[PDB]
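Here's a solo chain for you in structure tokens, the form deposited in one PDB entry.
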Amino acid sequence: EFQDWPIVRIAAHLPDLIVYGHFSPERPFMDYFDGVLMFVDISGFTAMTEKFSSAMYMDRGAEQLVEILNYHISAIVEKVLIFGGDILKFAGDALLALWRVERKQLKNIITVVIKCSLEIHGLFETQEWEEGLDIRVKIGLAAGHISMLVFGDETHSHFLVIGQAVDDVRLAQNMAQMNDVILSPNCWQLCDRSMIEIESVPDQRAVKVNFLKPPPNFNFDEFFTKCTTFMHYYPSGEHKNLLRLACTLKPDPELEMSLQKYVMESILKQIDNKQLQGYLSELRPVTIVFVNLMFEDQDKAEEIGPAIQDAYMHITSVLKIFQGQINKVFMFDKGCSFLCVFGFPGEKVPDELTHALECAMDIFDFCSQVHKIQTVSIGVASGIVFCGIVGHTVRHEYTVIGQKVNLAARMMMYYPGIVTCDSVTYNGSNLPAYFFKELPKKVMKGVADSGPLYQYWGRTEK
């Protein structure tokens, strides 16, 4: 069976949530369901990202990083997919996975997901990044109600999952230390407590899994097989040994037209074999523009959707003018964030810095006027970042990785309500100093040395 069609290669960059969705053209589109989420990231990774920018790697740092990273990430992806999960998105060394099911099956599927988690940790026992640098992961799990949101224009689509279960899994994963599996309180409340031995987590209602102790007659393989009854797209029969049903997609112009809107043009070029398959693995100077839109705690997903759509329509028009791209969109704790980037796949202009600032101020001014958006915050950082397609052959995404990505991310959270930029952006800009304000230096998680940070005040006093 031939399976290397363009539609199949495109679907590798998307979850089943999208590939097998059958929703309208309206934007925003919103749908609601229940499921279990897994958030996982890798330990000792940014330690490696720094090593690979070193002259040691003789101009093949990006190639070596993507290789070792995909060696480990693809093993996680295989485990998730074998256990029936849907990988929603990748970001650097992290990924979010979904087991969507009806409420009645949540209990049994949580047990499936915990077993998956423990087998993921089993991969990284007796394993190291380097001589003397261990590789481990941290897993948070949550369960409950989940809302999906799709937004975009006629040519581009983006999607998110939203709600307390999403917020819950983010929080659970941040408590997790190396080798931990942390369950949200609602997950613990819904799970088969007859079978999961947990321990308290100080000052928190979330719990840590210690052991899966099933009854004496329990057989996991038979239990799992029964659970697959509720998995619409689990590969089966003649396709028993495929990792994804998406692998079997056949040409369908209408379907491909909708799927390609989720994928960046330079990726599509590679899918069409009009660009070398290694072009996108690179250590590249870029400017990161990390936009955060904050809503109110009581805001419902059905008011949030229209506001993200309106904001997105202006964000994409500004980025088009200033020649930037949306690399990722995320949401948790009532904040929807856009990871925008200037200067990757051939999108290199000399005034990159002035255009990133002016573009940021434009996005700020417009989004501050959108009805339900309570606060806008934008962090701008410039420097060398890793770019590449991360994941497994059958499920992967283009992603950017680096200190400057993390810095822009922390700037928009620690300096809310304004536009901030780093020292590289400030000095390199073709703008005078009174357009800026030098800021207080705040200690920020995961950023050892900020360097001087500035607010982009604007051209006027007012």
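Whichever C-alpha set is largest while still superposing within 1.5 Å between the two forms counts as the rigid core. Only residues modelled in both forms are compared. Heads up: residue numbers just count along the shown sequence, starting at 1.
In what follows, reference is made to the form deposited in another entry, a form of this protein that is not presented.
Colleague: Tell me, with the core superposed, which single residue in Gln277, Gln298, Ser194, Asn219 has its C-alpha moved by at least 2 Å between this form and the one not shown.
Modeller: It is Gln298.
Colleague: With a threshold of 2 Å on the C-alpha, tell me if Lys334 counts as moved between this form and the one not shown once the core is superposed.
Modeller: After core superposition, the C-alpha of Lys334 moves 2 Å or more between this form and the one not shown.
Colleague: Mind checking the CA-CA distance of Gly305 and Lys334 in the other entry? It differs by 3 Å or more from this form, so is it closer or farther?
Modeller: Relative to the shown form, the pair is farther apart.
Colleague: Do any runs of 3 or more residues shift their CA by 2 Å or more between this form and the one not shown on a core fit, and if so, which ones, in sequence order?
Modeller: Segments displaced between this form and the one not shown after core fit: 1 to 3, 43 to 47, 297 to 300, 332 to 334.
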